[PDB]
Amino acid sequence: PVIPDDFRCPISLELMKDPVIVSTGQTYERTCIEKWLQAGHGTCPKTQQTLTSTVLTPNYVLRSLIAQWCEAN
Amino acid sequence: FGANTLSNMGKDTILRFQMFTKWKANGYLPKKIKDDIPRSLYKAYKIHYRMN
């Protein structure tokens, strides 16, 4: 069960199934960041930096790296 | 440390992260606060300190 932290969501602290990127460059699990924006916050959780967009963009290359790491272990 | 605030962290992940950012800011560490909080919540804070 040796899970690299780069693959963990800063809020869930678990492996990311649907990693998305916000305007600051930080990556989060979609359900987690969606709840954070639903709770009224307009801030990057990790950096407190205020966001310039609400667009969540899937981080496909990370989805690839996680999926590769999943099939090995 | 917040009677019902602490249980709401086993439930809500958003609140739990907010509180984890506060515990980190006051440099509470992994082992200094262990045995003052539940085992599940400790194993989580151990990961939050390591990467946040």
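Heavy-atom basis, side chains included; hydrogens, waters and symmetry copies ignored. Quick note on labels: first sequence line is chain A, next is B, and so on, each numbered from 1.
- Follow the hydrophobic side-chain contacts under 4.5 Å out from B:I47 and you reach B:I33 in the same cluster.
- For residues 47-60 of chain A, no residue pair satisfies the salt bridge (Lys or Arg N to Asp or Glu O under 4.0 Å) rule, not counting sequence neighbours.
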Give the atom names and distances for all donor-acceptor pairs closer than 3.5 Å across chain B and chain A.
residue : atom : partner : partner atom : Å
B:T13   : OG1  : A:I11   : O            : 3.2
B:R16   : NH1  : A:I11   : O            : 3.1
B:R50   : NE   : A:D5    : OD2          : 3.2
B:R50   : NH1  : A:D5    : OD1          : 3.3
B:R50   : NH1  : A:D5    : OD2          : 3.0
B:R50   : NH2  : A:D5    : OD1          : 3.4

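- Residue B:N26 qualifies as enclosed at atom CG: its count of foreign heavy atoms under 6.0 Å is above 12.
- Under the 4.5 Å side-chain heavy-atom criterion for grouping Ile, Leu, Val, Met, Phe, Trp and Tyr, A:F7 is not connected to B:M51 through any hydrophobic cluster.
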Checking A:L13 against B:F20 for the side-chain contact (heavy atoms from CB on, under 4.5 Å) test, could you report, in this order, the C-alpha distance in whole Å, the side-chain angles of both residues, the deciding distance, and whether it holds? CA-CA 11 Å; A:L13 310 167; B:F20 275 4; 4.0 Å; yes
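- Placement of A:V20 and B:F17 within a single hydrophobic cluster is found when ILVMFWY residues are connected by side-chain heavy-atom separations under 4.5 Å, directly or transitively.
- Residues A:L62 and A:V22 are members of separate hydrophobic clusters, defined by side-chain heavy-atom contacts under 4.5 angstrom among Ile, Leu, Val, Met, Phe, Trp and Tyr.
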